[PDB]
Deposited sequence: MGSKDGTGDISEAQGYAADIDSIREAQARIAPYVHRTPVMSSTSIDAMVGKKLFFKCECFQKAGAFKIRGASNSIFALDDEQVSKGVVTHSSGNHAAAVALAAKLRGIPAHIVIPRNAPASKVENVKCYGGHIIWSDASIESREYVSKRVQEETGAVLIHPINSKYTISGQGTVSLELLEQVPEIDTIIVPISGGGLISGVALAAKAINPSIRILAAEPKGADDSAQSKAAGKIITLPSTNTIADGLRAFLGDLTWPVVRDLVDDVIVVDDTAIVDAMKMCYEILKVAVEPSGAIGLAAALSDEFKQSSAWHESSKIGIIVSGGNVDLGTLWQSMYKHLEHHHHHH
């Protein structure tokens, strides 16, 4: 596979000065609903509001002196942008960030990212910047270094809760779940890894059922971080090391988000709540994975969400 336990441990050593060891939270009330013990790995509390700084940090700090000196570049409309900007700030090198985009821009400026605006056009702008500067491209999902950084989530989780027997992971490009599964399977081959995916962007579930990478002409989900398709380095992990993809609709995602805010008191983004929706779902509850499970890790992947509606009403109230 594109990463392994060795590369993941190298990642952990490399990024440990720069990322938070994020907390695990639980709730007896949610536990009762599911009928199992849930452990929420809170990457919403990671630097920049999501897990992606791990992969971005590993990618950037892994570059030698010669390479990194040209800066880094990426095009992104989401959490990857801020992650690259922060990782580059920590390394001391420029980050050229081609946007787009929603708030997610403010997070890049916060880290001194050099924003180069896009309108196709994303790739052309990213392409021109690369040709002229030589800046190294940092991938949101599909590389050894970001997969490896992402797997550190599993190293921490299994230190924090060593009896975890199943892990539910949100899926988009599959970087997070690939790193998580690779690290976890290496520490304990009997751990079950399950993906959580929205109905209107259910390519990963289709892919697994079809035995081949499926792409979709469009996607239809409020889980804005979950609209990508699998890459050629992540699909093999999804195919071989992930038992199943639990598919849930957006209403279930919102229902789960509501629970995160109201019960856990964690201000997650919709994409970060989907693991809980999966754990609450009939599809999961009526399955063998459920019957065999006892202690389930849930990766709460981020918390970057625009709640401007809320604030407007409050300021209107006066």
Coverage holes, deposited numbering, ordered by position, sit at 1 to 15, 116 to 117, 120, 138 to 140, 340 to 346
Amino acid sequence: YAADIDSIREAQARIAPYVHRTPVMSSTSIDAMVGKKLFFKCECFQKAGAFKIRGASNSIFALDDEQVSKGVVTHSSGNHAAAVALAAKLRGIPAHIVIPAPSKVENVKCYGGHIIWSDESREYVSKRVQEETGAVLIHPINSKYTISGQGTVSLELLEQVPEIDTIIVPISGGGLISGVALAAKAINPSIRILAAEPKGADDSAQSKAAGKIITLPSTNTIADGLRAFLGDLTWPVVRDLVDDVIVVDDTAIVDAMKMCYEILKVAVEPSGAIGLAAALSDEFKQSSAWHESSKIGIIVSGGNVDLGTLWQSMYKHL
From here on, numbers count along this sequence of modelled residues.
Averaging C-alpha B-factors over each stretch, which comes out higher, 82 to 90 or 124 to 132?
124 to 132
Going by the average Cα B-factor in the PDB entry, point out whether 281 to 289 or 35 to 43 comes out higher.
281 to 289
Select one of 96, 139, 208, 227: the residue whose C-alpha shows the highest B-factor in the crystal structure entry.
208
Which listed residue, 149, 170, 100, 173, has the largest C-alpha temperature factor in the record?
100
On the chain's distribution of Cα B-factors, residue 113 falls within the third called middle
Chain-wide C-alpha B factor ranking for residue 67, given as lowest, middle or highest third:
highest
For residue 162, does the deposited CA B-factor place it in the lowest, middle or highest third of the chain?
highest
Among the modelled residues of its chain, the C-alpha B-factor of residue 186 falls in the third labelled highest
Test of reading the entry: by CA B factor among the chain's modelled residues, which third contains residue 307?
highest
